[PDB]
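Residue numbers (full-length UniProt numbering), protein chains in the order written: chain A, 1 to 121; chain B, 2 to 47; chain C, 11 to 126; chain D, 86 to 297.
Every residue gets a Cβ at the ideal spot worked out from N, C-alpha and C, and that includes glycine.
Right, one structure below, let's go through it.
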Amino acid sequence: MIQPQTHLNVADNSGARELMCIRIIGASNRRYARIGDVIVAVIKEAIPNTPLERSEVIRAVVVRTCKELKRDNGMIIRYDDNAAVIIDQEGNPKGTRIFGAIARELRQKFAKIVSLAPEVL
Amino acid sequence: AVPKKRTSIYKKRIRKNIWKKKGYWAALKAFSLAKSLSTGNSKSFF
Amino acid sequence: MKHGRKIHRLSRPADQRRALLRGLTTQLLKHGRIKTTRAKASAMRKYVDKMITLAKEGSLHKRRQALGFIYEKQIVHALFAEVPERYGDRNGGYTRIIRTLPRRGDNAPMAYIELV
Amino acid sequence: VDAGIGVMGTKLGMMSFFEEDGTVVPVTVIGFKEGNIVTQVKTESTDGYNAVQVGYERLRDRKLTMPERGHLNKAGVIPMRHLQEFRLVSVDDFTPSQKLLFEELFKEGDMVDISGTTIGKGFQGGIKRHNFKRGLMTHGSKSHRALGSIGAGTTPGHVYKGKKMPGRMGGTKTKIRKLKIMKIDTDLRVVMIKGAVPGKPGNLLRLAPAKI
RNA sequence: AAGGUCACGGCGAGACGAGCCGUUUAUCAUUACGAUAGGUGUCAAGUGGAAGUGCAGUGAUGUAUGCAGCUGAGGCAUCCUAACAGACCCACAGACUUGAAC
RNA sequence: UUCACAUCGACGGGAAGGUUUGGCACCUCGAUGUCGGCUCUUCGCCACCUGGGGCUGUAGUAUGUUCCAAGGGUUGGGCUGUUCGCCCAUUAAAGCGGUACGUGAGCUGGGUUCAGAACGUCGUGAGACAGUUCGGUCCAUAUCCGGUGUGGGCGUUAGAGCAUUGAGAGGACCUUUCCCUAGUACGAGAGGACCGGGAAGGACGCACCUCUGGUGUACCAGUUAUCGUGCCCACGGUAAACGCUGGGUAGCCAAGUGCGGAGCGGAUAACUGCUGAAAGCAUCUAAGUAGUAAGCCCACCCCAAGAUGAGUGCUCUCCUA
RNA sequence: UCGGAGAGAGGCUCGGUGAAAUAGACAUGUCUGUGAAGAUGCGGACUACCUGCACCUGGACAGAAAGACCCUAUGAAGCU
RNA sequence: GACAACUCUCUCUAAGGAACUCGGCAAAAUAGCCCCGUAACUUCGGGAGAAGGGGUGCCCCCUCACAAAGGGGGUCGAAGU
RNA sequence: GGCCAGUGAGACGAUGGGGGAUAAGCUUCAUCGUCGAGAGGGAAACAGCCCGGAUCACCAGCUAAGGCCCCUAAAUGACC
RNA sequence: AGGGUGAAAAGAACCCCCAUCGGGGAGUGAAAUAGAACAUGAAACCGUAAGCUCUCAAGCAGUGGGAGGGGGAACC
Numbered sequence: 001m002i003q004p005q006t007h008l009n010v011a012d013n014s015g016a017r018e019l020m021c022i023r024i025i026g027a028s029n030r031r032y033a034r035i036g037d038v039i040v041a042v043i044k045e046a047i048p049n050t051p052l053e054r055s056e057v058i059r060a061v062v063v064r065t066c067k068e069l070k071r072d073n074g075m076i077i078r079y080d081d082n083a084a085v086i087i088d089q090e091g092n093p094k095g096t097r098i099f100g101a102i103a104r105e106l107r108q109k110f111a112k113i114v115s116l117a118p119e120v121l
Numbered sequence: 002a003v004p005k006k007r008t009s010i011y012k013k014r015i016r017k018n019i020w021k022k023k024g025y026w027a028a029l030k031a032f033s034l035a036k037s038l039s040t041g042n043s044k045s046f047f
Numbered sequence: 011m012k013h014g015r016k017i018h019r020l021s022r023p024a025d026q027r028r029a030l031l032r033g034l035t036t037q038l039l040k041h042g043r044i045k046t047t048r049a050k051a052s053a054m055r056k057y058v059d060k061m062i063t064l065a066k067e068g069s070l071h072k073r074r075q076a077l078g079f080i081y082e083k084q085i086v087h088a089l090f091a092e093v094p095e096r097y098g099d100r101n102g103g104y105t106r107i108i109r110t111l112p113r114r115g116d117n118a119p120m121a122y123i124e125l126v
Numbered sequence: 086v087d088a089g090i091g092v093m094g095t096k097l098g099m100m101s102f103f104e105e106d107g108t109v110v111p112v113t114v115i116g117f118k119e120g121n122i123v124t125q126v127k128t129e130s131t132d133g134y135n136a137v138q139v140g141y142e143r144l145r146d147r148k149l150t151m152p153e154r155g156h157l158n159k160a161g162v163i164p165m166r167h168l169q170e171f172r173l174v175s176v177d178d179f180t181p182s183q184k185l186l187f188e189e190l191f192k193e194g195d196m197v198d199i200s201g202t203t204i205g206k207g208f209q210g211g212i213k214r215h216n217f218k219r220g221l222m223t224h225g226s227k228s229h230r231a232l233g234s235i236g237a238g239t240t241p242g243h244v245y246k247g248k249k250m251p252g253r254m255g256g257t258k259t260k261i262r263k264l265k266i267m268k269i270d271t272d273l274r275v276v277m278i279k280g281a282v283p284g285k286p287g288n289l290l291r292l293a294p295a296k297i
């Protein structure tokens, strides 16, 4: 449940620190973006030595989201912090280390994301 | 919000008749209550 | 939509509806007859039945329940110290709703409660 | 017309059926107060089409008129409250006398479409019948939730009919299609039919294979 | 008369008319129908440890009795209370023509 | 490149539209309330995107153009009071319009045409500018037609109960991305097939409470201040509806869940054809036939015999006056 | 965004009292055409049993104030 | 009496938090008493309650006036003006 | 000549023209027609086109403009 | 703004319904369906009864033709 004006965290050390989501990509819905999607985040503020500076529109993924999250087995994971991971549109992130757990299902689309997590769950 | 023109006698008689008649139907009910209240087994009207 | 909601509520707001039920049941348990509009008759029916069964089991705790619901103090003591003889083995269904003519002034359906 | 003859059951709540694979699936639960029995069959010659008239919910004779009990009696069957016929592609092979059927059949036809009187929501407004929107709730606005405009100026000169006014919402029967059957228990004569089917538990519920 | 309507008990039905299901010896009995609303009895369910008494504490407060206690418009059971009394509308064979069969 | 017509078409000509700016001033000054937004329509096409086709200076992938096509679709924002006036991010695309520049007895009043005030300028002056700037109560308990729902009488020719065919009418048949085909065909390579399958979506529509939750003024619990129950304990009342808070069954909801847009089949439009003369060649056509579009009709789903053309049949109900 | 549930007062139904503005008479359909050139009252075709109640407001160039904008009057008045 | 729609007076609302809009208008949110700290500017009066941060409920205890308040310890709720 | 009126912006059609864009149901003049002040039939409806001019009665007839399949009168009559 | 029972109050003894409002008899008067919100009493408007008639309708609602029926036995 990411509207287009939310402040996300980031789950990596790419350099961003929070970032506004703009108008998600892919699913034509865009009034609601949930786990495993991509969003057009413009950075809000960053660690001031990084090649991702004040207000650089960039493309990123949602990896944690406070709304519920169904599964198959019938469990529901819900974090407390809306979080993203800056992405390239042909695969891997551009932050190497990843913070916090992620959801295992996004593996089947984002393998390189998941491999770098400390808790795949 | 404001009516254009007065209705005829025709129409009005129709509706007043529906009003009164709407009173007609609700007598025979009271007449059943009467024709039953004439002394008989019943649990009502102490 | 009502669908499913089965709390008989009267013409009154929440607080005042509570108060009406408590006062009204008190005066039933005082006199034995009563004259209320039919709706109030049903709403009574529930609560006064609760008080009766609450007196069927005269332990302190319950006695303090009833002491908290009913207004008049001594109608309670008379009541639970009196009824587990009256309603010995009646086992639920204590009132009776013998009804009566409407109320000149509203043509409001008016009924007349018992304890039996 | 329908593909095959169907039965009619009753909505009995819902639940989940843990599939042994370990996936969670909602289901409802269909029940029969009394068994479906054919009580008529009409031909293309004697009558205008082909159909079989099944009945449900056996009841005491009092509850039921004289024309009914005569109709039921002529075919030599038990009483039954509800009574409906499936018009069937004109291939009827049924003796109208109490061919009590069963679900030896729906487990094969593993997709069933049911017809249920939905529940009724009184006189609902525009914003909910037809999924309208509403004006601004603040900013001096003064028409929330109201139906808004109706039509154009002098030319249309009236409101095009079939306009989406408010009105009564529920209460009319509705299908639901290609809804798949799922593990059934003949000792309890209960159906565990996946999905969500029209009506609060306890209304009649036609039930007949698909028309794909 | 068949059927209704009203009345009476109410609803997953409903603005009001509508709808729908009741309307008591409300079975009794060898596999389904005669519990409609309440009350009662019990179970799900919720909240979460009652009151009193005891113990430990100078006192707040804790602790045991104790998933207890208050809840119980949901599920079944229960005729304890109420569906008592009634009343009303409804009719008599469905004008006229030829055709056909015996 | 050569080549008028793949594409652009100078110079000039002939039309349809009616929506821009206008010309008249015919209705309306005992009054026809303006711009722009909100909500809700519905219609037109000369088509922006999705369906099919020619031609292409079309290798393929993109296209460019025209042809039938209105069934559908036709974002979210930043700036301005200001509909292609516009940058941002997408997206299949992010159309132009008519409907008294649709809609104020439905809404706001940001602008303009009120009274206050000020700036520049004109006027000696009062004052003024289709210049600017800040402030400025847009009234309404539907008589009738219209529309959405729902009834009653009465018609249905004896009177009734159920089941029902269905003329008619309505909603829905929408759309992207991936994978197999296949890195195949096609290409020097770069790149890289619409013939068909499979999945995930998106908007939408019909539902439903199993789960997750919202509210739940039935309910349980913590607690503040105070009054009452003699008093302590335990409770009750009170604080625009319950004091403020936590938790919540049913109900109703959704950001939840289930399903849905189909083998569909018949005519077609553009187009490609087949046989074939008028015209002893040819030509899709004149005779006759084949294929083929989200477009038409049936199918799907919901009403429906007030369909006065008032249908159908299996039961009832009485011929005593 | 994108609504939803709830309490109160109205709405709704029943008993009592009981106004209003408006009002030529109205037995008061849709589409097109016409017409002082945007008609229920005319023409052609379609459509529609009679009549209630609730609900919405597109029309009846609906009500309200013989327009307040524009013009005229050898009108009135204020200021220079 | 019933408890449709809808208008008003109100309470709550999952995930986001101005994206609505002419303008965060209207809601919501802070808030009391102590204690730390308080900037740019300045007419040197002000700014300034700037900003911002912390404790505060009940019980027990002794001190500082030894009327309040503070120090130490405990207990309770999710939440202590 | 007397006694006395009303009228003083007409409209369209035909023609000859100006203005306009040889645009307007536009405007402006000259010569006529109808409406104005005029009915009736044809034109579906339809002041200004066609015939025609209404003193009245007639449950009588002949024609003009226009027409003869049905709604509506009259040949779904002849031959090219 | 609000006038007019009767010639004379003779303005209604008595009875019944009866909260003494208002009525029906009785009585007065020539008459009180002249009885006190009383003298003729029009129209709008509100009812009642009888005659014929409207529920597939279309209309400034009349008119010319008149089906069917009712009236006193050709006129309405």
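If residue i and residue j are in contact, beta carbons under 8 Å, what's the gap, nearest whole angstrom?
i: C/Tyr122; j: C/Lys45; result: 5 Å
i: A/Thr96; j: A/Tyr79; result: Between A/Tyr79 and A/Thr96 the Cβ distance is about 22 Å, and since that is not below 8 Å, they are no contact.
i: D/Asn158; j: D/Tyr141; result: About 17 Å; that fails the 8 Å criterion.
i: D/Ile278; j: D/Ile90; result: At roughly 17 Å, the Cβ-Cβ gap does not stay under 8 Å, so D/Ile278 and D/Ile90 are not in contact.
i: A/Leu106; j: A/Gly36; result: 4 Å
i: C/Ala76; j: C/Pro94; result: About 13 Å; that fails the 8 Å criterion.
i: D/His167; j: D/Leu290; result: No, D/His167 and D/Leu290 are not in contact; Cβ-Cβ is about 10 Å, not under 8 Å.
In angstroms, rounded to a whole number, what distance separates the CA positions of residue i and residue j?
i: C/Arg109; j: B/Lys44; result: 7 Å
i: B/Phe32; j: C/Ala118; result: 18 Å
i: D/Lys218; j: D/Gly225; result: 18 Å
i: A/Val40; j: A/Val120; result: 25 Å
i: C/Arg27; j: C/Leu20; result: 7 Å
i: D/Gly107; j: A/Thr6; result: 36 Å
i: residue 7 of chain C; j: B/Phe46; result: Here chain C has residues from 11 to 126 only, and residue 7 of chain C is not among them.
i: D/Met165; j: D/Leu144; result: 5 Å
i: B/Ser37; j: C/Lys12; result: 35 Å
i: A/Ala84; j: A/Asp72; result: 23 Å
i: C/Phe79; j: D/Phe187; result: 56 Å
i: D/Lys296; j: D/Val275; result: 24 Å
So the beta strand (DSSP E) residue i belongs to, where does it begin and stop?
i: A/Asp88; result: 83 to 88
i: B/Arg16; result: Looking at the DSSP string, B/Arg16 is not in any beta strand (DSSP E); the run it does join, the alpha helix (DSSP H), is 10 to 38.
i: D/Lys96; result: 92 to 103
i: D/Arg262; result: 258 to 264
i: D/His167; result: 167 to 172
Could you give the residue range of the alpha helix (DSSP H) that holds residue i?
i: D/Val126; result: Element bounds for D/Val126: not the alpha helix (DSSP H) but the beta strand (DSSP E), 122 to 127.
i: C/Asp59; result: 48 to 65
i: D/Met151; result: 151 to 159
i: A/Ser14; result: From DSSP, A/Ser14 is part of no alpha helix (DSSP H); its letter is neither H nor E.
Once you ignore the five residues that flank residue i on each side, which residues in its own chain have a CB closer than 6 Å to its CB?
i: D/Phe208; result: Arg253
i: A/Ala117; result: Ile98, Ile102
Among the residues of its own chain, which have a CB less than 7 Å from the CB of residue i, if the five just before and after it don't count?
i: D/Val244; result: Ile235, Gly236
i: A/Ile47; result: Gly15, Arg17
i: C/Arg113; result: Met120
Check your understanding: Does the count of Cβ pairs from the segment 29 to 36 of chain A and the segment 52 to 59 of chain A closer than 8 Å reach three?
Key -> no
Check your understanding: Can you find at least 3 beta carbon pairs, one from the segment 254 to 263 of chain D and one from the segment 230 to 245 of chain D, that sit closer than 8 Å?
Key -> no
Exercise for review: Say whether the segment 91 to 110 of chain D touches the segment 64 to 72 of chain C, bearing in mind that this needs 3 or more beta-carbon pairs closer than 8 Å, one atom from each stretch.
Suggested key: no
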